[PDB]
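Residue numbers (our numbering): 1257 to 1401.
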């Protein structure tokens, strides 16, 4: 499995309060280099995943504000099975680890600095994994595709 030392951004993402873990199976993986704050650029890809019924892990520099609130209310209501974690590291080390995660999961790194806008993402840009386990402190990606 591929592990990294950042856990869930919000404890509302837990799925098993016995273990205080979030466990996502047959999940899509959205890998975003930037900070996500505005709901509007996340809606398009959330709509696309919602119709699939499969879970989604978002890895971003951070997820805050209205975008975070949106994720929390949809998870608590059972409308989406989602979790978000911060990208590990900073600077070139962060960019290296996002590349490794994309490679392991078959996804594409959505990088604003290279010109890609999040509102334009599609399901084919998402990575996939058989299982994701997230604690307060770490994320493990198992069976990346």
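Yeah, the Cβ is synthetic: ideal placement off N, Cα and C, and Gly gets one too.
Check                                                                                                                    : Outcome
Backbone secondary structure at residue 1305 - three-state DSSP                                                          : helix
Contact set for residue 1366: own chain, Cβ-Cβ below 7 Å, skip 5 residues either direction                               : 1287, 1288, 1289, 1372, 1374, 1377, 1381
Residue 1273, buried or exposed, once every other Cβ within 10 Å from all chains shown has been counted against 16       : exposed
Residues near residue 1310 in its chain [Cβ-Cβ closer than 7 Å; skip 5 each side]                                        : 1282, 1283, 1284
Close-in-space but distant-in-sequence residues of the same chain around residue 1295 (CB under 7 Å, 5 per side omitted) : 1322, 1323, 1326
Whole-angstrom C-beta distance between residue 1318 and residue 1355, which should lie under 8 Å                         : Wrong, their Cβ atoms sit about 19 Å apart, outside the cutoff.
Candidates 1266, 1264, 1259, 1314, of which the one nearest residue 1363 by Cα                                           : 1314
Proximity to residue 1386 [Cα-Cα], best of 1393, 1401, 1379                                                              : 1401
Rounded C-alpha distance that separates residue 1275 from residue 1329                                                   : 21 Å
Residue nearest to residue 1339 in terms of C-alpha spacing, selected from 1261, 1258, 1280                              : 1280
Closer than 6 Å: residue 1268 CB and nearest the ligand ZN heavy atom                                                    : Within the structure as shown, the ligand ZN is missing, as the structure has no ligands at all.
Residue 1266 to residue 1345 span [Cα, whole Å]                                                                          : 19 Å
Cα-Cα separation between residue 1261 and residue 1278, rounded to whole angstroms                                       : 15 Å
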